[PDB]
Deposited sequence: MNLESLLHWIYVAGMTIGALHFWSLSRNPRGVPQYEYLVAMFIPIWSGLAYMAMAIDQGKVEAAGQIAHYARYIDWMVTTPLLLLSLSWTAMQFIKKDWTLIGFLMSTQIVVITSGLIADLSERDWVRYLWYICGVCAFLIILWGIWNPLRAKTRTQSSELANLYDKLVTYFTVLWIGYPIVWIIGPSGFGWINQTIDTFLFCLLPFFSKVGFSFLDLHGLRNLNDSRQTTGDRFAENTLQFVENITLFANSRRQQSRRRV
């Protein structure tokens, strides 16, 4: 077992603990609907399975297969919170989810590209779709909370801020690593793509679920 495998196994352990915790919280919902708990559970499970595949075995292909599903689901979770006490705007949710999938597919194509100018154009395409995502969660999605209690609005603002900071790190690590300029080696790249995802998946859902539950103290 090399360092990369070890890092991936620790990540899998993290996902497992996270999943078990959300499952336990769902048994005592405290005012939060089960669908929010189920998505919170599915995300780390899907990611953990993907990383388990890499731990056992372009490089890190499965990481893109993880993001393909988990990123749109994280937006689904974020969207539900924004519309916690109102009717779910499914068209807005679909827009955000599909647009995020474009981010991931653009990233994969870029990584699969043989020509550097082509690779970077697709990277740019992904960043543009990503900017649309940021615009979405900060405007139309954020506006939804303003039609509700200030308590919800304040919770959403903290979550979307946490959400945004972490998400911005992904295109950064990608471009500085082997898929980009190569300022960092694969191992360091892997290490960063273990920490960020842990806080983005388990970390975000922890703050999201506990935040929603706490509003009902």
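Q) Quick one: where does the model skip the deposited sequence? A) Missing from the model are residues 58-66, 227-261.
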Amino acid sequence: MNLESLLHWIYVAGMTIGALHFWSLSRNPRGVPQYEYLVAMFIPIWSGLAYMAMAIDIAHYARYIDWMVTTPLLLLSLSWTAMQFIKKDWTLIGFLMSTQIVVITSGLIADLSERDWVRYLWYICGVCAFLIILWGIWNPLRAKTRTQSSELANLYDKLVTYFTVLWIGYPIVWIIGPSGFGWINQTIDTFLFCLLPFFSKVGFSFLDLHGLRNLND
From here on, numbers count along this sequence of modelled residues.
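Q: Can you let me know which of the two, 73-81 or 113-121, has the higher average C-alpha B-factor in the entry?
A: Per the deposited B-factors, the answer is 113-121.
Q) Would 171-179 or 58-66 have the larger average of its C-alpha temperature factors, as given in the entry? A) Here the higher of the two C-alpha B-factor means belongs to 58-66.
Q.
Highest Cα temperature factor in the entry, among the options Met97, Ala143, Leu108, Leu134: which one is it?
A. Each of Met97, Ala143, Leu108, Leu134 was compared by C-alpha B-factor; the highest is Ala143.
**Q.** Options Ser47, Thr161, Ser26, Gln186 - largest CA temperature factor per the record
**A.** Across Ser47, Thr161, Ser26, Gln186, the entry lists the biggest C-alpha B-factor for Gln186.
Q. For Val127, does the deposited CA B-factor place it in the lowest, middle or highest third of the chain?
A. As the PDB entry reports it, the C-alpha B-factor of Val127 lands in the lowest third of its chain.
Q) Relative to the other modelled residues in the chain, which third contains the C-alpha temperature factor of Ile104: lowest, middle or highest? A) For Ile104, whose C-alpha B-factor we compare with every modelled residue in the chain, the answer is the lowest third.
Q.
Going by the CA temperature factor in the PDB record, which third of the chain does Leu166 belong to: lowest, middle or highest?
A. CA B-factor rank for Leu166: middle third.
Q. Lowest, middle or highest third: where is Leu152 by Cα B-factor in its chain?
A. As the PDB entry reports it, the C-alpha B-factor of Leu152 lands in the highest third of its chain.
Q: Using the B-factor values recorded in the entry, state whether the Cα atom of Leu192 falls in the lowest, middle or highest third among the modelled residues of its chain.
A: Lowest third, going by the recorded CA B-factors of the chain.
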